[PDB]
Amino acid sequence: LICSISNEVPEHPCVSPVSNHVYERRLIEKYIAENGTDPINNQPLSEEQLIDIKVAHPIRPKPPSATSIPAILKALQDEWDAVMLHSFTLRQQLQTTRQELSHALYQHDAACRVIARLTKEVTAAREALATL
Amino acid sequence: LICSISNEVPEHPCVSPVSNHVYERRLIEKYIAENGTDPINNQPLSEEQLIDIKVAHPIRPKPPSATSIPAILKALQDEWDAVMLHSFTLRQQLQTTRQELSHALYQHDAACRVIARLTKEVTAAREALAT
Amino acid sequence: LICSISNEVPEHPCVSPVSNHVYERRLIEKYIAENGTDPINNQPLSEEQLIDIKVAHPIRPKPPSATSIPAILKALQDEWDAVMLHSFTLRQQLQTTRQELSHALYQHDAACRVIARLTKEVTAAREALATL
Amino acid sequence: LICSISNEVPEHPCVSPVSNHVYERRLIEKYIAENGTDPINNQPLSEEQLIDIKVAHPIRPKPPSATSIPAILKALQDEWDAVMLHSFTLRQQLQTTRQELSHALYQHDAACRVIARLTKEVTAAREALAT
Amino acid sequence: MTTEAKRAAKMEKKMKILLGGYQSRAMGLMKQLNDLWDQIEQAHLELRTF
Amino acid sequence: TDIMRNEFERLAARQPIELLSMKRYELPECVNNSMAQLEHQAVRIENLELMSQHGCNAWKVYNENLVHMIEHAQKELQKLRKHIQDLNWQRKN
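As C-alpha cells, this is what we get:
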C-alpha cells in the first residue's frame, strides 16, 4: 500500500509491464518523462505500459468481509499447523523419556542380577566360615 | 488491488507480455496450458512470457474477530451457498440477454422485410400520381 | 517413489540439501565423490552434504488423503477459486449479450418510426388517390 | 518424504543446509522466524540459508463424495476432533512418561544402594574366611 | 436439487466399486505401515538402548 | 506451548462437543440453498468428469508409487536388525 518511488499512498497505483511494482501516478509518470523505464532493474518500457485505472468490474469487490470465504480456511490452516507443531514438541519428550525408561529398565534388571550373584557368593562364604 | 480473474487478492500475480494484464497464477497457468489463448485481450499465449508480479507491501490479511469457530464454520457454508446462486445469476441473465438479442434480431428481420413492401406501395402510388 | 538419475527405484534414498531432487544413495554417493556437486544445478556438495531419508518425528505419521483439514482446505479452495473464474465465464457472455440486445433494440427503434411512417403514408396517399 | 515439525506430508518441501532435515515450509518459516536457528539440532539458521526441493507433485484422489456438504459438514469434524483427541492422548503419554521416569529413578536408587551393601557383605565373609 | 443429485449420486456410485476395491487397498496399504511406523519407532528404541 | 488455540482446544476438548457444522447448503435463504444444490451438483458432475477421466488409471498411478514408497522403511528395519544382532554377537564372546 505504498508507491514504488516516493512511498506515498497511491490514488491510482501504476503498474508497468516489465517488473510490475505498485507505484504512484505522478512519480511513475515523472520517472517516465525523465527516462522511459521503471525503477526496479533498468529495463525497457513505454508510456503505454501502465494500465492505471483500478480493476473494479463484475468481480464484485466486497470490502474484505470478516466471516465469508477465504479467512476461515486460511486461519484454519495456520492454526492446524500450530496444533501439529506443539504436538511434535510433546512427542519429542515421548520418545526421549522412552529411551530413558529403556536404559533405566535394563539398569534395574541387570542390577538386581548383581545381587542375585552377590547373595550366592556371600551365602556360601558365611557357610564355609562356619564349616572350616 | 483486484484480480481480473477470480476477484481475490492474489499473492501470485502474473503479467503477460502481449497484454497489460496482471492475473492470478492459478487461472493463468490453468488457462495457458488448457488453451493457447489469452483471457481478456485474446492475445495468442506463451507461458514463458509471464512476469512474476509482486507488491511486497500489499498483502493485507483480515483480523476479523476473536469470534468462535462455531461462527466461522456456518459462515463459510453460508458464503459458499450464497456465491452459488450469485454464480448461477451471472449465467442465467446472460442466457436471457442472449435469447432477447436473437429475439430482437428476429423483429429486425421482419421490419426490414415489411419496409420493401411499403416502399413498393409508395412508389406505385407516386407513379399513379404521375398521370 | 521415482529416481532422477538411474530411473531405478531408490532402495536407500538420500536427498542432499544443495539442489534437493530426491536421490538414491547407491548412485549419489559416488556422484558426489566423483564430481563434488549436485547433478541438476551443480552446486558443490559431498557425502556429508547428502543426507539420509529419515522418519518424520515421534509424532504419529499418517497416510496422505483428502481428509486432513489442510487437504480439506486445499480442495475447498480449489472448488471455490474455480467457481471464481466460472463467474467471469458468464459475466463476459453477459457483456456481449446485453450490448447486442441494446444494439438490436436501436436498429428496431430505427425500423419502428420507419414502419409508422410507411403505414401512415399508405393511408394518406391511398385516400388521396381515392379522393379524386 | 515427510516433515519433522508438523509431522506433515508436504506439497511444499524445503530443506536447509543448516539442518538437512525434511521440514514443512510452513513450520520452518514460522520457526526460523521465531528464533533464527534450526528446531531439531539448532545450528543457527537464517531463512535464506535453506533451499527448496522440487516435488513430484503428489496428489491424493478426490473421494466419490467430495463437495460442499461432504468437505464441510462431515469432513472437518473428523480432522478437528482427531487432532483434539490425538494431542490430548499425546499429553497423556507425556504424563505417563513422567510417572515411569520417577518410578525408574526409584528403582535405580534401590539397585545402587543394595549393590553397595552386598558388594561389601560378600567380601566381608570372604575376608573372615581368609582370616 | 435432485435433477443433478440423481446423477451425482449415480455416477459417484459408478466409482463406489472400482474406486471401492482400491478403497480396500489404500486402507490396508498404510495400515500395515502402522507396524512399520511402530517397528520403526521400536527400531528407534532398540538401537541406543543396548 | 502454542497460541490461544491452547485454551480454545482445552475448552473444546474437555467440554466435549463438536462445533455446529456446515448444515446450511444441504437442507433448503432456502431458495438460495436450493439453487446452491443445483450449481453444487453441477460441480459434482464436473468433479465426476474429472474422476472418470482417470477411472482406474490414476488409481493405479497412486498404487504403484505407494508400494515403491513403502519398501524403504523395511529396508531400514533390516539395517537395524543387522546392527543390534551383531552387537549381541560381540557381547557373547
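Chains as they are written, first to last, in the deposited numbering: chain s, 3 to 134; chain t, 3 to 133; chain q, 3 to 134; chain r, 3 to 133; chain L, 703 to 752; chain Z, 63 to 90, 105 to 169.
Even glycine gets a Cβ: it sits at the ideal position worked out from N, Cα and C.
(message) Please confirm whether residue 71 of chain r has its beta-carbon closer than 8 angstroms to some beta-carbon of chain q.
(response) no
(message) Could you check whether the Cβ of residue 64 of chain r sits closer than 8 angstroms to any Cβ belonging to chain Z?
(response) yes
(message) Considering only DSSP beta bridges, list what residue 16 of chain q is partnered with.
(response) q:54
(request) Taking only beta-carbon positions, decide if residue 139 of chain Z is within less than 8 angstroms of chain L. (result) yes
(message) Could you compute how far the alpha carbon of residue 6 of chain s sits from the alpha carbon of residue 96 of chain q?
(response) 37 angstroms
(message) Quick check: the Cα distance between residue 731 of chain L and residue 64 of chain q, rounded to an integer number of angstroms?
(response) 11 angstroms
(request) Can you grab the Cα-Cα spacing for the pair residue 28 of chain t / residue 35 of chain t, in whole Å? (result) 11 angstroms
(message) Using DSSP's beta-bridge definition, name the partner residues of residue 26 of chain t.
(response) t:15
(message) Cutting at 7 angstroms between CB atoms, please list the residues of its own chain near residue 33 of chain t, excluding the five before and the five after it.
(response) 41
(message) Which of the three DSSP states is assigned to residue 46 of chain r in this structure?
(response) strand
(request) Answer with yes or no whether the minimum CB distance from residue 81 of chain Z to chain t is below 8 angstroms. (result) yes
(message) Could you give the first and the last residue of the continuous alpha helix (DSSP H) run that contains residue 164 of chain Z?
(response) 133-168
(message) Alpha carbons only, please: which of t:76, t:108 and t:59 is nearest the one belonging to residue 23 of chain s?
(response) t:59
(message) Could you check whether residue 17 of chain t and residue 55 of chain t sit closer than 8 angstroms to each other, using their CB atoms as the reference points?
(response) yes
(request) Would you check whether the ligand MG has a heavy atom nearer than 7 angstroms to the C-beta of residue 93 of chain s? (result) Within the structure as shown, the ligand MG is missing, as the structure has no ligands at all.
(message) In whole angstroms, give me the CA-to-CA distance for residue 82 of chain Z and residue 61 of chain r.
(response) 30 angstroms
(request) Starting from residue 14 of chain q, find everything on chain r with Cβ-Cβ shorter than 7 angstroms and list it in chain order. (result) Within 7 angstroms Cβ-Cβ: nothing; residue 14 of chain q doesn't reach chain r, min ~13 angstroms.
(message) Any C-beta of chain L within less than 8 angstroms: which residues of the stretch 92-115 of chain s qualify?
(response) 97, 100, 101, 104, 105 and 108
(message) Give me the DSSP bridge partner(s) of residue 39 of chain r.
(response) r:46
(request) Say whether chain q places a C-beta atom closer than 8 angstroms to the C-beta of residue 81 of chain r. (result) yes
(request) Spell out whether any CB of chain r is found under 8 angstroms from the CB atom of residue 78 of chain t. (result) yes
(request) Report back the beta-carbon spacing between residue 48 of chain r and residue 89 of chain s to the nearest angstrom; my notes put them in contact at under 8 angstroms. (result) Not quite, the Cβ-Cβ distance comes to about 27 angstroms (not below 8 angstroms), so this is no contact.
(message) Just to confirm my understanding: we take residue 138 of chain t, look at its own chain, exclude 5 residues before and 5 after, and list those with CB closer than 8 angstroms. What are they?
(response) With chain t covering 3 to 133 only, the question about residue 138 of chain t has no answer from this structure.
(request) Report yes if the C-beta distance between residue 131 of chain r and residue 120 of chain s is below 8 angstroms; otherwise report no. (result) no
(message) So the candidates are s:83, s:115 and s:113; which of them puts its Cα closest to the Cα of residue 30 of chain r?
(response) s:83
(request) Identify the contact partners of residue 728 of chain L in chain q, using a Cβ-Cβ distance below 9 angstroms as the criterion. (result) 65 and 67
(message) With a threshold of 7 angstroms on Cβ separation, who are the neighbours of residue 81 of chain q within its own chain once the five nearest residues in sequence on each side are excluded?
(response) none
(message) What does the alpha-carbon distance come out to for the pair residue 720 of chain L and residue 134 of chain Z?
(response) 12 angstroms
(request) Just tell me which of s:94, s:19, s:85 and s:66 has its CA closest to the CA of residue 72 of chain q. (result) s:85
(message) Below 8 angstroms on the Cβ atoms is my contact criterion, and I expect residue 745 of chain L with residue 80 of chain Z to pass it. Report the Cβ-Cβ distance as a whole number of Å.
(response) Not a contact, Cβ separation roughly 37 angstroms.
(message) Taking beta-carbon pairs under 7 angstroms, can you tell me which members of the stretch 703-731 of chain L lie near chain r?
(response) 714, 717, 718 and 721
(message) Beta carbons nearer than 7 angstroms to chain q: which residues of the stretch 110-129 of chain Z have them?
(response) 119
(message) Taking the alpha helix (DSSP H) that residue 81 of chain Z belongs to, which residues open and close that run?
(response) Neither: residue 81 of chain Z is in no alpha helix (DSSP H) and is coded neither H nor E.
(request) Say whether chain Z places a C-beta atom closer than 8 angstroms to the C-beta of residue 87 of chain q. (result) no
(request) Show which residues of chain L have a CB atom less than 8 angstroms away from the CB atom of residue 20 of chain q. (result) Result: empty, since nearest Cβ-Cβ is about 27 angstroms, beyond 8 angstroms.
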